[PDB]
Amino acid sequence: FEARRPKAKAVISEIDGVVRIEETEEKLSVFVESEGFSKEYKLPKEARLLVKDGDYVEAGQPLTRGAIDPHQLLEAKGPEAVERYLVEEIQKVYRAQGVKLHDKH
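Participant: Where do I start with the pattern of salt bridges in this structure?
Facilitator: Oppositely charged side chains may form a pair once their charged atoms are brought near each other. Evaluated as defined, the whole model comprises 5 salt bridges. Here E33 and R20 are joined by a salt bridge, their closest N and O atoms 3.3 Å apart. On the criterion of sequence distance, the pair formed by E33 in strand β2 (residues 28-33) and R20 in strand β1 (residues 18-21) is long-range, its members being 13 residues apart. Within the structure, one salt-bridge network assembled from shared partners comprises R20, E22 and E33.

Structure below.
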């Protein structure tokens, strides 16, 4: 409800394109690119990656595993996405606990 930076953040994809990953020792890196451009993403050691070398990632899609920051998803996929994310991500907790409250609220 209070838009905040979860500790375990998940770097979303500002760009909607295709995936590419790298090997070097210290830090991993996922690159999203379209015929237009590509964007480099720094995914440190702990970041377990959900995406694989090969397919498409819509804007604001999870590229790291876990929590997302509403502001970023706002920027990336739009209000329509933050909004829709907030609701469903909230009901996630209640549903898991038995409470059945209508999304409306």
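Having seen the structure, we can now continue with the description.
Participant: Help me understand the environment of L73 in this model?
Facilitator: Along the chain, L73 falls in helix α1 (residues 70-77). Since its relative accessible area comes to 6%, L73 is described here as buried. Remark: the alpha-carbon pair of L73 and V11, spanning 62 residues in sequence, is separated by 9.7 Å.

Participant: Any chance you could explain the packing of α1 against helix α2 (residues 79-95) here in plain terms?
Facilitator: Any two packed helices are characterised by how steeply their axes cross, that is the angle between the axes, and by the distance between the axes. Running from N to C, α1 and α2 point in directions that differ by 140°, and their axes come no closer than 6 Å. Judged on the interaxial angle alone, α2 and α1 are oblique. From α1, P70, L73, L74 and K77 reach across to α2, where they touch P79, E80, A81, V82, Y85 and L86. Its residues assigned to classes, the contact of α1 with α2 shows 8 nonpolar, no polar and 2 charged.

Participant: Help me out: how do you make sense of the environment of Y94 in this one?
Facilitator: With respect to the element layout, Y94 can be found in helix α2. Overall, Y94 belongs to the partly exposed group, its relative accessible area being 38%. For the pair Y94 and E22, spaced 72 residues apart in sequence, the C-alpha to C-alpha distance is 39 Å. Filtering out sequence-adjacent residues up to four positions away, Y94 remains in contact with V99 and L101.

Participant: I'm lost on the nonpolar core in this one. Help?
Facilitator: If you look at soluble globular proteins, the nonpolar side chains tend to sit buried side by side. Counting residues in hydrophobic clusters, the biggest one holds 12 residues: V11, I15, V19, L28, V30, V32, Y41, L43, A47, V51, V57 and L63. Breaking this core down by element, the ones donating at least two residues are β2 and β3 (38-43). Per-element accounting of this core gives the leading share, 3 residues, to β2. Ignoring any residue separated from it by four or fewer positions in sequence, one finds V19 in contact with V30, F31, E33, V51, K52, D53, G54, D55 and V57. Formed by 5 residues, the second largest nonpolar core is a distinct cluster that contains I12, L73, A81 and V82.

Participant: Quick question: what am I supposed to make of α2 here?
Facilitator: Because the α-helix completes a turn every 3.6 residues, residues three or four places apart line up on one side. Between the first and last C-alpha of α2 there are 24 Å, a value that for 17 residues agrees with the 24 Å anticipated at 1.5 Å per step. Check the buried side of α2 and you find it contacts α1.

Cut-offs applied
- Residues numbered from 1 in each chain as written, not as in the entry; some residues may be left out.
- Part of a larger assembly, values for the part shown.
- Heavy atoms only, no water.
- Salt bridge = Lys/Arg side-chain N within 4 Å of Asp/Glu carboxyl O.
- Helix = DSSP H or I, 4+ residues; strand = E, 2+ residues; numbered from the N terminus.
- Buried < 20%, exposed > 50% of the residue type's maximum accessible area, 1.4 Å probe, protein only.
- Axes fitted to C-alpha atoms, helices over the stretch in contact; angles between N-to-C directions.
- Parallel < 35°, antiparallel > 145°, perpendicular 65-115°, else oblique.
- Contact = heavy atoms within 4.5 Å.
- Nonpolar A, V, L, I, M, F, W, Y, C, P; charged D, E, K, R; others polar.
- Core = buried A, V, L, I, M, F, W, Y, C linked by side-chain atoms within 4.5 Å.
- Expected span 1.5 Å × (residues − 1).

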